[PDB]
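Beneath this line is the structure, given in structure tokens, with notes to follow.
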Amino acid sequence: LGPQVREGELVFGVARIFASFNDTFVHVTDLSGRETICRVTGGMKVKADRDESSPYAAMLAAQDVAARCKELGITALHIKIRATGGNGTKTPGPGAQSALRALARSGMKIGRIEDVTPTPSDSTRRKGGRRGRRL
Amino acid sequence: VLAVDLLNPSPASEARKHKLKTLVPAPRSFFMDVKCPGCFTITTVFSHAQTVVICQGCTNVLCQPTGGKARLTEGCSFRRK
Amino acid sequence: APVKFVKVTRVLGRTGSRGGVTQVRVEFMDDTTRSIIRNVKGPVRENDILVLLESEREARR
Amino acid sequence: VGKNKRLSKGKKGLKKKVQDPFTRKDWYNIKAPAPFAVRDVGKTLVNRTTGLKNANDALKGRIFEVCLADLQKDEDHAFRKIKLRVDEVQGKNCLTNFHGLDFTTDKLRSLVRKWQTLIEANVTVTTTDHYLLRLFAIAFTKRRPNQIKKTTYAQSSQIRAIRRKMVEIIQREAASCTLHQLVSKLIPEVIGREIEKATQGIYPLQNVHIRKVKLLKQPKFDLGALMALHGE
Amino acid sequence: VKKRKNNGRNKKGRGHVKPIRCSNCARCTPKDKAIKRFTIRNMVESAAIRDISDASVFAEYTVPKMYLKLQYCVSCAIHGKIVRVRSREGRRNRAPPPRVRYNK
RNA sequence: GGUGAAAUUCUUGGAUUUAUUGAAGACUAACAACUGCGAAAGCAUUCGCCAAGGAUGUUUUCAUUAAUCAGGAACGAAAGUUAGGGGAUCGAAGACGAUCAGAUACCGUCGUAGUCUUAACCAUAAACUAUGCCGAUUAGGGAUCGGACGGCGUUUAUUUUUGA
Ligand SMILES: [Zn+2]
Ligand SMILES: [Zn+2]
């Protein structure tokens, strides 16, 4: 069911939070990125689809991750926040910080926060035109 | 100002103006005699020489050209003649 | 539900579009170290006592 | 949202029967090469070995991101992360060796500042062991304690002199080394401190670092070499 | 009439400069004309630092910062109240505003 | 997914998300500024080759060889045109979804010419400092880029002279 280990030691995971301006993703994998352990999005919790990015929805989605990952044996997480990136805003969305607290309050351990948003050295042309969205 | 003697500027004031903007133009370069340690000869060298100067005896370099006034070899002495 | 009790120590201006809402800083009166920011609808004085159903929402500014 | 699905399962489908795929997983330990201090770095998960699907084939091309602070038990090296690639699988154990190096994102953004000059260069090199790997370098101008002038800028002619000096030093140091030998030089930052002394005459040039290293080619597997560093 | 001596551009001594993309409406403007703001902030807001601090496994911990450089066209600059209209005499004053260092 | 709010569209024929690897074309972030070069248009990753240019320095050389120019000639952003190569991204025309009394638009999902390059045409821009070119004189100040000269110190190297 879970990894056999002495009571003193604790096993580590990594959480990859993708927070855009339209939705928020909570994703837990093993130490490497190959195997997914749990994943729940903000749209599963809210029923009005204009609140998928709301900070309230991120808290609910983050809480049951700790419950679902508790019996697997994993007890600590690494965190990697990322924005849309590329040609996007590069500013993490409103739900980026709400989800991080709910893992800490639920009782899980935290270490090595980092930001992994991908940035281009020189990008292709960006959507919109030369005059932008005129509304 | 408004009352100045233009005919007789102080010598200190003429040491700061451009070489061409004084009352009468005058060069600020000179010739010099260089004492090579190796030999006993005397050579006349321009202060702003653009070419590498070779002494007549023992064939030793005495100066290296540069942007302004040529720099002498470290082990050499000169007098302004 | 593990309901918590909080007490008001200072009031920090009046918010809202029409001044109905007021913003106060509360104290959990069981762990004196912790302190958060909350929002209240009615009139509030210092040393007032409030009952909080959930203690993880906080408020803007 | 529950009430948005229209096509659902698709053109035509039926529900599933068996669930909870986590009942057939297994856990393995991960080890570390010789130069690093601590060897245990965590746990890994995989499907149980079965017919037509051996477990060892899935644990031969995985890489892990481990912060250098954990390996050396020192918080000074808190901005460098390196990768370890699994090669051989003993009984409930995975063996790994060096696979690269890279700075953290936040440390690099704090270094670059206005009214300074940024100098960067790169060069490929191969070791006595036929490893083809590439190195990056970075440096910045240094202010003087009694300086009054606002900006410290170097002339582009001086920049090329420094850039030429960087390439010469890197080739000389990595000319006669092995991959194990080279890694032992990266963690004490020997390259950076040696570069600073040589370029002292051209310009002060504070904050010399090796930004990242990645390898391009590998020789035959040579299982004998892997066991030499492991199991000490 | 000229409203500004520098034409509101800051470009003298050259003929052309490559444009950039606005961070809000994705418009194209010359780089020297855009309004640029550099911001340094923490990963988490000050109320949430305590919850992260006592949940760590590294004794004392310091949350990292985040560094951004936003840059806008003038149309998006004064609608978001980044800058605002000044008086005729007050226009010619380019000193940065004195940030409050006491905060009452 | 996307929006002020929605829809068109994709999805257990596994969408979205996660790690490793490959191919193709375009572009050179941060450093980057009341800073540099060019007759103007313009020009920003590294290194090799080729010819050209400004300023400074000079007790070199020629001795009026000069200024501006009707007609005349070279270069001249973007779009557009003629033949091949290339065709990732954006996107005139076109097709749909909403809004609206109407919406051939502003907003959203697709998408052809074009966007890139070689060999030839075109010769127009708010091509703007809305300010033609050469020469003389007229007031105070502190910043800055390139070269030379003078000076008290600090720093530093196979170290001095040089560089900061
Ligand atoms: Zn002699
Ligand atoms: Zn804008």
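Residue numbers (the deposited numbering), protein chains in the order written: chain SO, 16 to 150; chain Sb, 2 to 82; chain Sc, 6 to 66; chain SB, 3 to 234; chain Sa, 2 to 105.
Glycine is no exception: its CB is placed at the ideal position from the N, C-alpha and C atoms.
Item	Value
Tell me whether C40 of chain Sb, by its Cβ, gets closer than 8 Å to a heavy atom of ligand 1.	yes
Please report the Cβ distance between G102 of chain SB and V192 of chain SB, rounded to the nearest whole angstrom; I am assuming they are in contact, meaning their Cβ atoms lie under 8 Å.	So it is not a contact: roughly 18 Å between Cβ atoms.
Could you name the residues of chain SO that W29 of chain SB contacts, counting a contact when the two beta carbons are closer than 7 Å?	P18
Show which residues of chain SO have a CB atom less than 8 Å away from the CB atom of residue 3 of chain Sc.	As displayed, chain Sc neither begins before 6 nor continues past 66, which places residue 3 of chain Sc out of reach and without an answer.
By how many angstroms is the C-alpha of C59 of chain Sb removed from the C-alpha of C40 of chain Sb?	7 Å
Assign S48 of chain Sb to one of three DSSP states: helix, strand, or coil.	coil
Hey, is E129 of chain SO's beta-carbon within less than 9 Å of any beta-carbon in chain Sa?	yes
Considering only C-alpha positions, which residue in the set SB:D131, SB:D72, SB:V3 is nearest to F59 of chain Sa?	SB:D72
Should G58 of chain Sb be listed as close to ligand 1, given that the test is whether its C-beta is under 8 Å from any heavy atom?	yes
Can you check the segment 107–138 of chain SB for any beta strand (DSSP E) of at least 3 residues that lies completely inside it and give the ranges in chain order?	120–128
Are the beta-carbon atoms of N31 of chain SB and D42 of chain SB separated by less than 9 Å?	yes
For the segment 14–41 of chain Sa, list every residue whose C-beta sits within 7 Å of some C-beta in chain SO, in sequence order.	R22, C23, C26, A27, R28, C29
Please compile the residues from chain Sa whose C-beta is within a distance smaller than 7 Å of the C-beta of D108 of chain SB.	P65, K66
Going straight from the alpha carbon of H79 of chain SB to that of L70 of chain SB, what length do you get?	6 Å
Which class does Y71 of chain SO belong to by DSSP, given the choice of helix, strand or coil?	helix
Run through chain SB and tell me which residues come within less than 9 Å of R49 of chain SO, C-beta to C-beta.	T46, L47, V48, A60, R64
Is it a yes or a no for the segment 102–115 of chain SO touching the segment 129–142 of chain SO, going by three-plus beta-carbon pairs under 8 Å?	yes
Here's the rule: buried if 16 or more other CB atoms are within 10 angstroms of the residue's CB, otherwise exposed. What is residue 113 of chain Sa?	Any question about residue 113 of chain Sa goes unanswered here, given that chain Sa covers just 2 to 105.
Starting from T106 of chain SO, find everything on chain Sa with Cβ-Cβ shorter than 8 Å and list it in chain order.	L69
Just the chain SO side, please: which residues come within less than 7 Å of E46 of chain Sa by C-beta, in chain order?	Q112
Around the Cβ of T39 of chain SO, are there at least 16 other Cβ atoms within 10 angstroms (buried) or fewer (exposed)?	buried
By DSSP's criteria, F59 of chain Sa is part of a beta bridge. Which residues make up the other side?	None; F59 of chain Sa has no bridge partner.
Is any heavy atom of ligand 2 found at a distance shorter than 8 Å from the C-beta of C74 of chain Sa?	yes
Are the segment 42–61 of chain Sb and the segment 22–30 of chain Sc touching by the rule of at least three beta carbon pairs closer than 8 Å?	no
So which residues of chain Sa does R111 of chain SB contact, with C-beta pairs closer than 7 Å?	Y68
Do you know offhand how far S186 of chain SB's Cα is from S159 of chain SB's?	35 Å
Going by the DSSP bridge assignment, what does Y30 of chain SB pair with across the sheet?	SB:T46
According to DSSP, which residues form a beta bridge with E196 of chain SB?	Answer by DSSP bridge pairing: none, since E196 of chain SB is not bridged.
So the beta strand (DSSP E) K36 of chain Sb belongs to, where does it begin and stop?	32–36
Please tell me whether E77 of chain SB has its Cβ less than 9 Å away from any Cβ of chain Sa.	yes
Does the distance between the C-beta of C77 of chain Sb and the nearest non-hydrogen atom of ligand 1 fall short of 8 Å?	no
Please confirm whether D45 of chain SO has its beta-carbon closer than 9 Å to some beta-carbon of chain SB.	yes
Opposite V13 of chain Sc in the DSSP bridges: which residues?	Sc:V31
Excluding the 5 residues preceding and the 5 following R92 of chain Sa in the sequence, name in chain order all residues of the same chain whose CB lies nearer than 8 Å to its CB.	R5
Compare the C-beta of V58 of chain Sa against all C-beta atoms of chain SO and say whether one is closer than 9 Å.	yes
Shorter than 8 Å, the distance from the beta carbon of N9 of chain Sb to the closest heavy atom of ligand 1, or not?	no
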